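Remarks on the overall topology
One-letter residues, chain by chain:
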Amino acid sequence: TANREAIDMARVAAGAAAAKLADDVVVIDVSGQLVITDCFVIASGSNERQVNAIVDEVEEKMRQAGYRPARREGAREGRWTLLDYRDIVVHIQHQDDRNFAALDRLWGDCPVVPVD
Amino acid sequence: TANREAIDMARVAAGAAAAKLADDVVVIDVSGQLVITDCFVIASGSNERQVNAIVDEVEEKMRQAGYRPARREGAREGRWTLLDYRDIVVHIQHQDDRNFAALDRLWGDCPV
Ligand SMILES: [Mg+2]
Ligand SMILES: [Mg+2]
Ligand SMILES: [Mg+2]
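Applying the stated rule across the entire model yields twelve salt bridges over all chains. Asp8(A) is paired through a salt bridge with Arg11(A); the nearest N and O atoms lie 2.6 Å apart. Residue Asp8(A) and its partner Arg11(A) are both found in helix 1 (residues 4-19); the two are separated by three residues, about one turn of the helix. Judged by relative accessible area, which is 36%, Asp8(A) ranks as partly exposed. The salt bridge involving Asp87(B) is made with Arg68(B); its shortest N-O contact spans 2.9 Å. With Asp87(B) in the loop between strand 4 (80-84) and strand 5 (88-94) and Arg68(B) in the loop between helix 2 (48-64) and strand 3 (71-74), this residue pair connects regions lying 19 residues apart in the sequence. When salt bridges with common partners are traced through the structure, they connect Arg71(A), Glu73(A) and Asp84(B) into a single cluster.

Here we take up the interface of chain A and chain B. At the interface, 18 residues of chain A touch 17 residues of chain B. It is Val35(A), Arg71(A) and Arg76(A) in chain A that bury the most area against chain B; as a group they hold 37% of the surface buried on that side. Between chain A and chain B we count two salt bridges in total. Close ionic contact of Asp84(B) with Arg71(A) constitutes a salt bridge, the shortest N to O distance being 2.6 Å. Counting the contacts that link chain A with chain B gives 18 residue pairs in polar contact. For the side of chain A that touches chain B, the class distribution of residues is six nonpolar, five polar and seven charged.

Criteria and cut-off values
Residues numbered from 1 in each chain as written, not as in the entry; some residues may be left out. Chains lettered and ligands numbered in written order. Heavy atoms only, no water. Residues with missing side-chain atoms left out of burial classes, pairs and counts. Salt bridge = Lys/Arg side-chain N within 4 Å of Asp/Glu carboxyl O. Helix = DSSP H or I, 4+ residues; strand = E, 2+ residues; numbered from the N terminus. Buried < 20%, exposed > 50% of the residue type's maximum accessible area, 1.4 Å probe, protein only. Contact = heavy atoms within 4.5 Å. Buried area = accessible area lost by both parts, 1.4 Å probe. Polar contact = N/O pair within 3.5 Å; in protein donor to acceptor, adjacent residues only side chain to side chain. Nonpolar A, V, L, I, M, F, W, Y, C, P; charged D, E, K, R; others polar.

The structure is reproduced here in structure tokens:
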């Protein structure tokens, strides 16, 4: 399964998104699929303000956890942001833009990490 | 349009993939679309071991040209490997998995 250190990072990220009332907050164990990243963290906002508040909360809480800033990515015209912390990767998106079948297609065979 | 520092990185990464006999090597300018990444370099290997060697070639010359180490990722079965250099992302894939349709609906308007 996923390394304990990676799960702890995921816990911090998911707790930050939950603190800003994100929807779809799930930690995916991708340790059996990928060679580097162990946890994928999904989160969604109902508006773009919230999406960005979730993004900033995750970064601020990850900094407090002692980690270096994520390598970031997003679409200039899109409403998503990708945060790469290596052991984990965080993906935050406006719920209206999400493709949920595509998510399940990609990670449907991966265990959910009950992180609470 | 795409960065000088990125084009000269894509040049190196694509040439390296060329030196180790990759197929369907493409440099895609995504600078118009993305915030951070400026270019993608996609390539195919005929098999998992060729994908492995292609990655080696790319990483070897990128280090030689004094570039930052890649943030790597890969499928555990070696079907694909990705190297993130920030300014460019290199995507090497087993030709059987290369979906050119999905590429088109997504980086089709980008110069290639
Ligand atoms: Mg792992
Ligand atoms: Mg750019
Ligand atoms: Mg190697």
